[PDB]
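In: build the 3D model from these lines:
(one chain, ligands or ions: 1)
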Amino acid sequence: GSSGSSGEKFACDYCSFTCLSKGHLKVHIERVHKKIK
Ligand SMILES: [Zn+2]
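Out: Residues are numbered from 1 along each chain as shown. The coordinates are given below.
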């Protein structure tokens, strides 16, 4: 069939947070983290 490995999506590293949209991942580390070296 087709069903098998689900996911094929990247997630934030610093934290274990899962998003729905691609942009959400960006806007996330944008402020939620904003970790300045
Ligand atoms: Zn994060």
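In: relative to residue 26, how far out is the residue minimising distance to the centre of the chain?
Out: Taking C-alpha atoms, centre = their mean as the criterion, residue 11 is the residue nearest the geometric centre of the chain, at 3.0 Å. As for residue 11, its distance to residue 26 is 13 Å (criterion: C-beta to C-beta, to the nearest Å). Bear in mind the C-beta positions are built from the backbone N, C-alpha and C, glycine included.
In: before we move on, the earlier item: helix or strand for the residue nearest to the centre of the chain, which one?
Out: When secondary structure is defined by DSSP states H and E, residue 11 falls outside every helix and strand.
In: need phi/psi at the spatially closest residue to it that is not a sequence neighbour.
Out: The shortest distance from residue 11 to any residue other than its chain neighbours is 5.6 Å, reached at residue 18 (C-beta to C-beta, 6 or more residues apart in numbering). Here is the backbone geometry of residue 18 (degrees, to the nearest 10): phi -110, psi 130.
In: my read: residue 18 touches residue 10, true?
Out: No: in this structure, residue 18 is not within contact of residue 10 by C-beta atoms under 8 Å, at 10.3 Å.
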